[PDB]
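Presented as structure tokens, the chain that follows is alone, the form deposited in one PDB entry.
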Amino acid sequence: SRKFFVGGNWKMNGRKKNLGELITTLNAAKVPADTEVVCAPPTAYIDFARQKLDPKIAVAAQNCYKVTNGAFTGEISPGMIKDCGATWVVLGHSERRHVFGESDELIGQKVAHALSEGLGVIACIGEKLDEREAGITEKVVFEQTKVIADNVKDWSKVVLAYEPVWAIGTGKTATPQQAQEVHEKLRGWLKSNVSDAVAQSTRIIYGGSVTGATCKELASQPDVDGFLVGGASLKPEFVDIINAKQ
């Protein structure tokens, strides 16, 4: 049985004050033993958040680069993330891919380098609306997963996050069934392309819109192992999502 995993992606939000208040809320929250909880603060606050957060919650960088040190003004390395006490990095997030044009190859190289450096990786995939309506959900999502997998030697430190990008701001929504259909298919790719052990043990988490109201039906899906939470991660309702399985 895969351990339930709840990540809170704060994206580019917050200052020390309101994030300190958020953290104070999380510290007082009772996080179940069976649930693994991770918060991804803005890059300027990885160090701050790690100092202020209770050890029971892990800290993630929102991105990193693919080399340990170098001439890359504006980037950070897994070494720096580790040095700040964070144990995870989010890679391949839809905003990196689709606003900042990060290629599959780049994401793959980043994954291999973060893993070689002792970090865990939350590796994001997902298809856009035009890809969904064209019938190529599987093609896009399998090709993205392949390039990640090509760069993974030890899946015990990886978590796959499915983002239904086709549902973000488009006027379409994903049902719990539709999330399940994709998750199950992703697991089926891990089976047909990597191994059965890896399909069985790898957390595939849902990165679509998740609220206090919908998190329960979503969490009940056989192949949904948790969430990568967007906007709700900045709010008390993140604690409701930490408690989703019941």
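So that the term is clear: the rigid core is the largest set of C-alpha atoms that superpose within 1.5 Å between two forms. In this text, residue numbers run from 1 along the sequence as written.
K.L.:
Would you mind comparing 68-76 and 134-142 for me and telling me which has the higher average C-alpha temperature factor in the entry?
P.N.:
Taking the mean C-alpha B-factor of 68-76 and of 134-142, the larger value falls to 134-142.
K.L.:
Tell me which stretch has the larger mean Cα B-factor in this entry, 49-57 or 207-215.
P.N.:
That would be 207-215.
K.L.:
Between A44, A29, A40, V182, which carries the biggest CA temperature factor in the record?
P.N.:
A29 has the highest C-alpha B-factor of those listed.
K.L.:
When the deposited Cα B-factors of this chain's modelled residues are ordered and cut into thirds, is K17 in the lowest, the middle or the highest one?
P.N.:
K17: CA B-factor falls in the middle third of its chain.
K.L.:
Split into thirds by Cα B-factor across the chain's modelled residues, where does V152 land: lowest, middle or highest?
P.N.:
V152: CA B-factor falls in the highest third of its chain.
K.L.:
Ranking every modelled residue in this chain by its Cα temperature factor as given in the entry, which third contains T175?
P.N.:
As the PDB entry reports it, the C-alpha B-factor of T175 lands in the middle third of its chain.
K.L.:
In terms of the chain's CA B-factor thirds, is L115 lowest, middle or highest?
P.N.:
CA B-factor rank for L115: middle third.
K.L.:
Should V159 be placed in the lowest, middle or highest third of its chain by the C-alpha B factor in the entry?
P.N.:
For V159, whose C-alpha B-factor we compare with every modelled residue in the chain, the answer is the middle third.
Keep in mind that the form deposited in another entry is not shown, yet the notes after this line are about it.
K.L.:
Only one of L106, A112, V140, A167 shifts by 2 Å or more at CA between this form and the one not shown when the core is aligned; which is it?
P.N.:
Once the cores are aligned, the residue moving by 2 Å or more is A167.
K.L.:
Answer with closer or farther for the CA-CA spacing of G171 and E131 in the other entry compared to the shown form; it moves by 3 Å or more.
P.N.:
Pair moves farther apart in the other entry.
K.L.:
Closer or farther apart in the other entry, the C-alpha atoms of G230 and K172, for a change of 3 Å or more?
P.N.:
Closer is correct, given that in the other entry the C-alpha spacing of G230 to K172 is reduced by at least 3 Å.
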